[PDB]
Amino acid sequence: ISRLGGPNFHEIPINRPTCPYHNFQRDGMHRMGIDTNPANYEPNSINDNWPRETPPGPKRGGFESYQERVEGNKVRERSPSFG
Amino acid sequence: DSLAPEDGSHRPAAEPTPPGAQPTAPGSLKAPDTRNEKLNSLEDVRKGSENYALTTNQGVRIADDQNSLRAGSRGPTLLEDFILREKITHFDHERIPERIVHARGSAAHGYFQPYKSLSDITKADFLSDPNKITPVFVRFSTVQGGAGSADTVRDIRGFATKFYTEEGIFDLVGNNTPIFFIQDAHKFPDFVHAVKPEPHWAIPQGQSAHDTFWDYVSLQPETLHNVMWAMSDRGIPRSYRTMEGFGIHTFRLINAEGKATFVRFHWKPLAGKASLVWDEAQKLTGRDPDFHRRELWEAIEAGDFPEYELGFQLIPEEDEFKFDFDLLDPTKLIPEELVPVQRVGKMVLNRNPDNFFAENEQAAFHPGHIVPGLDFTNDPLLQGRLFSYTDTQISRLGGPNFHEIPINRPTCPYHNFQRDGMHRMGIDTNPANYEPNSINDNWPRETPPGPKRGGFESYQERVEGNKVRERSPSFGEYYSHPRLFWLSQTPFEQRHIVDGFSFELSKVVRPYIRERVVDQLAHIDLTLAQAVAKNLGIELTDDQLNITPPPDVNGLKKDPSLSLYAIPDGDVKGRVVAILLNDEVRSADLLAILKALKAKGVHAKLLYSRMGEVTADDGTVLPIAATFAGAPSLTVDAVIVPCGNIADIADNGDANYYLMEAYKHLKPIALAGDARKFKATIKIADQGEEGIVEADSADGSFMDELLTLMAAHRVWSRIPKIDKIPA
Amino acid sequence: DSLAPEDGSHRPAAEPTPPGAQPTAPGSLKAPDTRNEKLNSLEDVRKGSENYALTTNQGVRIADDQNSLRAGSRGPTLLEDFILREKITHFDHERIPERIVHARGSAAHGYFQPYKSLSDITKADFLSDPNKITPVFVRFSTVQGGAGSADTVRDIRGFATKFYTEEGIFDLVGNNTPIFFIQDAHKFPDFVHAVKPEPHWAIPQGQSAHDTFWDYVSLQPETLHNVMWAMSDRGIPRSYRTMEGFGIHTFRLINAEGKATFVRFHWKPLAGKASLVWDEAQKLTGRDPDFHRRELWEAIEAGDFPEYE
Amino acid sequence: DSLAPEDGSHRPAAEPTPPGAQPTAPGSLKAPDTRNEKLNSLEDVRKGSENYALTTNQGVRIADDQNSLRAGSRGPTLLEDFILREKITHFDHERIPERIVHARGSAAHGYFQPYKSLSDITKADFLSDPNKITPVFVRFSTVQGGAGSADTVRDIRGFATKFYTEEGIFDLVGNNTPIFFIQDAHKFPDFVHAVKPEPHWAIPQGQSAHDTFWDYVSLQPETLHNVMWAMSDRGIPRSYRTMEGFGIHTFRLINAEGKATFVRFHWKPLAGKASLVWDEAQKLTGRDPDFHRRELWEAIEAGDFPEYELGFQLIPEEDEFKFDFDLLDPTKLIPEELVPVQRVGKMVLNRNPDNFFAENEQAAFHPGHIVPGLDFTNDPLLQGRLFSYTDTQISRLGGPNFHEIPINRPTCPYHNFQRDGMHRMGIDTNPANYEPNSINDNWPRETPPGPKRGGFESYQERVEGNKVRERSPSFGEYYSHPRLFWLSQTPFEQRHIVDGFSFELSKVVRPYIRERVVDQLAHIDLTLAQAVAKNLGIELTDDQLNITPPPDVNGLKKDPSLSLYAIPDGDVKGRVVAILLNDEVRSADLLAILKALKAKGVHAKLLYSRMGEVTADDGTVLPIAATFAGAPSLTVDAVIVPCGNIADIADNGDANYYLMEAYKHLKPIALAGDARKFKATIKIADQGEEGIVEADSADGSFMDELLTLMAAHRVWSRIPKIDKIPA
Ligand code: HDD
Ligand code: HDD
Ligand code: HDD
């Protein structure tokens, strides 16, 4: 945000994905992308909810975190195993 | 030079004066002896001006601040004019990004003091002794509009308090309604984009009355509870002094033993609760877009300090699952019938800023700014807010040194190993910029958590579960709070809610969105749903008429503390009355009028058809504050018309309209002697009407009645009668 | 999903429709067949939406855009939720500084064409041939108020036109009155500070009706001419379509022979001159603070294209 | 924890100490009693550390600064860890844009005082009385390299002085050569882009030895004069203390009567003029890239304050056109044989900063920052500079309030109607933010020009001409100044110039560029062009051999003030000597050596093949500063080898190489007793040679002879002898 002047650093040519990127994020300094979506929020009916979420799956699926089991108290503590 | 008037009338007296008696001024010039530790610590950056030479920022005296340097007096401007370039450069870069939300706000300095030590439930230093005075800086705001938008819009209001404690800044960043629209912070950009001006054309400003807002609401039923509050008169406060404040989220209090107590924060207005009515609010956005900001500033300048009582709803840790709603769900309120608000202390706002931009615009509040003795909870909205308020000031306030901006500086010590960053003010002399270090003997050093002056240690809450992007099933209930709120309102408050929904949905262009919202209202209450539907020309279906109402909340069918007006709590001090003058006022009426108002701390504004002065029957010269059109009834709480030469104003359309507008907006109207001829313009029966004070003269009896009406705020019984007034 | 209604009433017709008949829409969706060289050159950065998956800015598809990642469904939000942090980060930095002056403005795309070659008096390429059309982008504005201030205030109005000529950008940055308040640019910050919201309390918004403005005017008689215009009904135009526009300054036209001609620039409203009355203007700031922005947008959507000579 | 050593050896004594004796430290801790008005004014922002608790920036004490908050000690880090996020956030935004040019620089605080009042020729307050002390902040720099680039590169050096006067900041922003490369500011970006790292691959750093620079020079002959200076030993100063400083442009002095006098600013090093030799300079960028920064800091810590004499070349307005060159052409110097430098005052640099970033990196100097009594001229390079230095700190220092960053603040009063802007610190209480105003009685007010404390008014220079983008024809002469410089250098200086050009042109990949530069040199001097051509395997054509040399400069065929060394100005104080120890040093030699050096303020560094200690012949324990490889001969001015057990280091390759390197770089070498066995390493005849001090012991005249050699800086007569020597 300071180094590349804002949240649109993914629009700096070298950083751009070569795959599709569509979402409801708008504005910010030096915005290049001109969004034509009538909607800038979801859920929306005015654009029939596009762009839409995609269920996780074997290929071309949405990102879903591995459901790792978390068990412990809220601590600022180094694990003894790292000692 | 000597441009000031020789009589000295350009400078306001540095003593408390009523609204409009003097020109307003910077806080330190208006009330130089109002002090607190924070205000005193700002003295190193305050700059004067009287008797100083005009200079560049580099300290060079300027000889001619009227012209650019040019070759010949009609020649080209020269690049070597550094004085001109410095001045234009500074001007060219005056603006900073406004806040993403809550861009429109008004702020004041004050102080807080507890009523008793709360050491049994929290080790927070600022709550440890009734004699501990903590300086505060409070900013009230709207949410949707820009910094230049209007104050009396229909919206949620922000109520942010920065406490400068001896153990750190604690920011209590709340709103004027006890819940928020959404449950998880991940949807904030979605909700906010939906309510803000639509992206193609950036319309509308300061209004939720547009398709995208209601589109979102209709598809996200969790929003309905706060939507109900926004649609009620809670969305249009009379003033920041007459609204409630809530932290919304359940937080934790941590005591010296380490016991955690769940708490919800409340601010109770000691001036009582009061709101405008929609037509008055909307029209007031055009007549005075700065009405709340002005009201706040002038109340403080008059000594009508905004006073609030901090209140805590306290819930034992073992009571976590004893309600039929989840305590961590920010779309759910904790009814005061179930958990009473414990009165904890009082905050008084007693001084305006000196420079709005430097102190208000640049102030940075963040709910994550807590101190030992307080802690967070897992509320998924609060959790995500923690990331945002630090992040947003990197662009808004230009960097990570925003705590060095004067208004944001802690008044207690701050020392760490952080260095550099844009506009670094602090010059660190520590030999070390890392820890652990031996070269400065490890200073500054960590401090173990402890009863007082200890370091921050999080409450060791047990966390068990899988990494999931999942809403708790406990948050999946959307209609019982909205119903509870609805049933707790008076009949006229209910009417105003129906009118709020009806007006807003009429401005939604796609008819299907209106229908989908009406369907949601049918899940809350059939009467509400039917009333709104009828105003939209919509017919409830068979199925919609049979939707079973949601269950009561832990047996409650209502809670009067949710209504603005159900339980009397009016306060007339700081209110204002418009007095409509004529060219030969019956001085006896004004004397009685003004004496009685002054005994209750009610201000008056003398109005006429022109500026200047009029002379009363006995020769008293009366100075006019404004014209009828100039200071419309929208700006006052009541209207009094004294006797005298009524024929002077009887045919003044503006005078007649003043009374009709006030009448329509349920304001107390008092008519003395021949001023009773104005009864025909507002069609009042010969035998009178409750809400209209009328007498042969303005004696003490007439004034007590009017002041009684003012304490009740508005004449709600007049509602059925305004329908037939063309105003 | 099945969110849009089955009758398709959520989408505004892509054809000229009168004010209020359809929901307004982004220009390229509302009027897809309108084009100019500039509008065509913006096509490389226009982004659609229909039928695309919701992604992060790095192109990663999102599965659940309704929740943060937490340890348990009632647990703490995790720092590894990069999807949440990107989304909130972008949101957190959406605002840029508003313009120092003229922050409140409404704009539209269009085109310009000269009636005849003006090569005898200027070598400016965009005026060299009646057949040469120059795309434009025009922004109308007030002066004093913020970007969120009201449209029908009493104020001067800005009329800025960006000409995308074949020999460079030509910006004609004028106002709706033929003169300015002050004579020398060095006093611009003085004048603007006087008219803007006073520094202690930041009141009033979008209005010159306060002490510092009149103080400045009373001490600087050069301001009276433009103040006369502001106090007239010129200060409250009915619409950006019914006001005049002026470059104010005398500039020069240089022909191919090197001859200079002094020139003052004018815009004549082909819809004629028309203003509101003060009570209406002021009430309208409350009833519809976006009235001029809305009126301009809707006129274009209806085919009532704003035309200026 | 309490990590410092119990003997307190972690902390440097707060007293003057020689280089290497103690850990260096922040200025206010090393020399707390060294004060000035500016240093005292910085006390409001200086922050200590000792005995303070470690906190967040909001003042909250931290209990555990070793760990993030997680769910379980092996669990995921939680978003609610605001302590971690504040800390990483500040870290993440530490850097600010470096300066576009002169990004690499070292600074110090000091004071200036005039020798006599200059009231007859200037009304500048800081020059009005010999007892008026003006605080200064000086930054020396290279030009091309980034902030992390090396110090001893071949480049021009910047010499910027901020004078905190009573009538405003005056920044004298100069270089170490009396001319610049280009004439008009419009070409600054071209010249700078040509010298900086090439755009495709960003190579090379800190060097003009690349194609684009020499391409530009070859096409723009106006650059040749400063190129001659950069190719000479001027381009590789021994230290910022031993180089000259120049304002370059002709400015104006204005007196109280309104008379304008043309002035060129000079800084004379009171330590004398001294430079390295190229091989040494280049290798030193590798062995110690911070050599100049370090040397400056340690000189000040040792009490060897860098001292400079400000001098003025003054030229009456009537003599503007009396020279062969234009006074406003920045590529032309004013020969001191024509116009002597009149001594004006002394500047002493006596305290290092506390925090480099806060004081050095954020300091902003600009030549447009002048005060009443000074004025500009039409020099077209200066004219455009006035635009750049204010503009550039809008990004570098984040906005228009860069004058509020502590180091930049005037110490005199500054008041005006400028408001807001990012990071605004000053809280203005003026009711008015515009002038003329009546509401504050027009304060702050303009001030008429006058003899003292008056407003700034530009000198009324006559301007006459058409609006043109045209170089004055008087500027179209490019070879006489270069030739005058060349002819003023000693024979070894000329050789070094020839070597500089030859080395740099050998790094130009495109041969035609080398040829084109050679052709330009042939327009300056045939000897110079031939010697460079010979080193590049280029033959001059018959035409080139017949190019007529440029005319003398106003009759001068040389000016010895242009040479570093033609006129001896040696000063040994602050220089340093390497002493190569052995494991049984003759203590008597060491006592004589160290005391002689200390009596002249010359420092010593005791070197050995390992660290720790060695024991002398009498049991004296000798602390080792560094190893032979650890502190190479590049970092010292001379080398002394005492007697003792020479067989210990006789076959040490590093010890032998130490002497070979120092020998090659023309430094004085002194060998006592058996240390004379090292003569065979550097091939010294039995009889001895000028530049090598040798005797049976370090007694008698041994030290005086070595100090005489150090006073002459380098042994130039050894050049022919180092030609061979594999080192
Ligand atoms: C995750 C993002 C997020 C969410 C879920 C909320 N907010 Fe927030 N709000 C912000 C992100 C934010 C912000 C982007 O960080 C802002 C605007 C700029 C700033 O300084 O803070 C802010 C400003 C802001 C202000 C103005 C402070 C001032 O006057 O400067 C108040 C009173 C609140 N918010 C109150 C609320 C309430 C009580 C919330 C729900 C319970 C809420 N916010 C949810
Ligand atoms: C010396 C400074 C100065 C002066 C004397 C004026 N302005 Fe200006 N104006 C500004 C400095 C400025 C500005 C600071 O540079 C602005 C605001 C932000 C922007 O980009 O430009 C600008 C904006 C601005 C705009 C809005 C452009 C847009 O829509 O983005 C218009 C229409 C004008 N100006 C019109 C004028 C006219 C007709 C002027 C008098 C003849 C005038 N201004 C004097
Ligand atoms: C028009 C552009 C321009 C030109 C023609 C000059 N430079 Fe400059 N220089 C700048 C534009 C600049 C600059 C971009 O504005 C800089 C870099 C960052 C800064 O603050 O100032 C600066 C830095 C800068 C510094 C560093 C100050 C520091 O330590 O912060 C010195 C010593 C000089 N320059 C000296 C000179 C001299 C003696 C020049 C020729 C006579 C010259 N410059 C030409």
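Here is what the cut-offs are and how they apply
- Residues numbered from 1 in each chain as written, not as in the entry; some residues may be left out.
- Chains lettered and ligands numbered in written order.
- Part of a larger assembly, values for the part shown.
- Heavy atoms only, no water.
- Axes fitted to C-alpha atoms, helices over the stretch in contact; angles between N-to-C directions.
- Helix = DSSP H or I, 4+ residues; strand = E, 2+ residues; numbered from the N terminus.
- Parallel < 35°, antiparallel > 145°, perpendicular 65-115°, else oblique.
- Contact = heavy atoms within 4.5 Å.
- Nonpolar A, V, L, I, M, F, W, Y, C, P; charged D, E, K, R; others polar.
- Salt bridge = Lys/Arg side-chain N within 4 Å of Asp/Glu carboxyl O.
- Donors = N, O, S within 2.8 Å, 3.2 Å for Na, K, Ca; no water.
- Buried < 20%, exposed > 50% of the residue type's maximum accessible area, 1.4 Å probe, protein only.
- Near = heavy atom within 4 Å.
- Polar contact = N/O pair within 3.5 Å; in protein donor to acceptor, adjacent residues only side chain to side chain.
- Least-squares fit on C-alpha atoms.
- Buried area = accessible area lost by both parts, 1.4 Å probe.
- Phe/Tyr/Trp six-rings, centres within 6.5 Å; stacked < 30°, edge-to-face > 60°.

Regarding how it was determined, this PDB entry cites X-ray crystallography in its header, along with a resolution of 1.89 Å.

The name given to chain C in the PDB entry is PROTEIN (CATALASE HPII), with the source organism recorded as Escherichia coli.

Per the PDB entry, the recorded name for chain A is PROTEIN (CATALASE HPII), and the organism is Escherichia coli.

1. Concerning the packing of helix α5 (residues 211-219) of chain D against helix α6 (residues 224-231) of chain D
All names here are of chain D. One can describe the packing of α5 onto α6 by two numbers: an axis separation of 10 Å at closest approach and a directional angle of 140°. Judged by the angle between their axes, α5 and α6 are oblique. On α6, the residues touching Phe 213, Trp 214 and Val 217 of α5 are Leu 224, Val 227 and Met 231. For the contact of α5 with α6, the class distribution of residues is six nonpolar, no polar and no charged.

2. With respect to the interface of chain B and chain A
The partner chain A presents 25 residues to the 29 residues of chain B that form the contact. At the junction of chain B and chain A, the tally comes to three salt bridges. Among the ionic pairs, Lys74(A) bridges to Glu461(B), the shortest N-O distance being 3.0 Å. Those elements giving two or more residues to the side of chain B that touches chain A turn out to be α4 (188-195), α5 (211-219), β13 (462-469) and α14 (511-522) of chain B. The dominant element in the side of chain B that touches chain A, judged by the number of residues it contributes, is β13(B), at eight residues. Partitioned by chemical class, the residues of the side of chain B that touches chain A number 10 nonpolar, nine polar and 10 charged.

3. Some points on the coordination of the iron atom of ligand 1
Of all protein atoms, just one serves as a donor to the iron atom of ligand 1, and that atom is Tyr389(B) (OH), at 2.0 Å. Along the chain, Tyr389(B) falls in helix α10 (residues 380-391).

4. Thoughts on the pattern of salt bridges
This model, assessed by the stated rule, comprises 132 salt bridges over all chains. A salt bridge links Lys452(B) to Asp125(B), with the nearest nitrogen and oxygen atoms 2.9 Å apart. Linking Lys452(B) in the loop between β12 (427-428) and β13 with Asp125(B) in the loop between β2 (105-114) and β3 (134-141), this pair joins segments that are 327 residues apart in sequence. Overall, the relative accessible area of 3% leaves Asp125(B) in the buried class. As a salt-bridge pair, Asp420(B) and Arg95(D) come within 3.9 Å of each other at their nearest N and O atoms. Placement of the pair is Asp420(B) in the loop between α11 (393-396) and β12 and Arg95(D) in the loop between α3 (82-92) and β3 (105-114), with the two residues belonging to separate chains.

5. Re the site of ligand 2
In the neighbourhood of ligand 2, 15 residues make up the surrounding shell, with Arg99(C), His102(C), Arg139(C), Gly174(C) and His249(C) lying closest. Lying at an intersection of chains, ligand 2 is approached by residues of chains B and C. Contact between ligand 2 and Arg99(C): an oxygen atom at 2.8 Å from a side-chain N or O atom of the residue. A distance of 2.8 Å separates an oxygen atom of ligand 2 from a polar atom in the side chain of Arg139(C).

6. Topic: the relation of the copies chain B and chain D
Between chain B and chain D, which share one sequence, the superposing operator has a rotation angle of 180° and an axial displacement of 0.0 Å; the RMSD is 0.2 Å. Seen this way, the second copy is the image of the first under a two-fold rotation axis. Take the interface residues of chain B: 100% of them recur as interface residues in chain D, which is what a same-surface contact looks like.

7. Comments concerning the interface of chain B and chain D
A common way to report how large an interface is uses the accessible area buried once the components associate. Across the contact, 126 residues belong to chain B and 126 residues belong to chain D. Summing the contributions of chain B and of chain D, the shared interface buries around 11,300 Å²; its carbon and sulfur component is 57%. Among the residues of chain B in contact with chain D, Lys47(B), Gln58(B) and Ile427(B) are the three that bury the most area, contributing 8% of the side total. Counting every contact that joins chain B to chain D gives three salt bridges. Counting the contacts that link chain B with chain D gives 61 residue pairs in polar contact. For the side of chain B that touches chain D, the element with the highest residue contribution is helix α3 (residues 82-92) of chain B, accounting for seven residues.

8. Quick word on the packing of aromatic side chains
Residue and element names in this part refer to chain D. Going through the model one piece at a time under the given rule, you end up with 98 aromatic pairs over all chains. With a centroid separation of 5.1 Å and 40° between ring planes, the pair formed by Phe 126 and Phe 163 is classed as tilted. Pair noted here: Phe 126 is in the loop between β3 and β4 (134-141) and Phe 163 is in strand β5 (residues 158-165), with a separation of 37 residues, a long-range link. Relative accessible area serves as the criterion here: at 2%, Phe 126 is assigned to the buried category. Take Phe 163: its relative accessible area is 0%, and that puts it in the buried class. With 6.4 Å between their ring centres and 90° between their planes, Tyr 478 and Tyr 479 make a pair best called edge-to-face. Note on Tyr 478: relative accessible area 25%, which makes it partly exposed.

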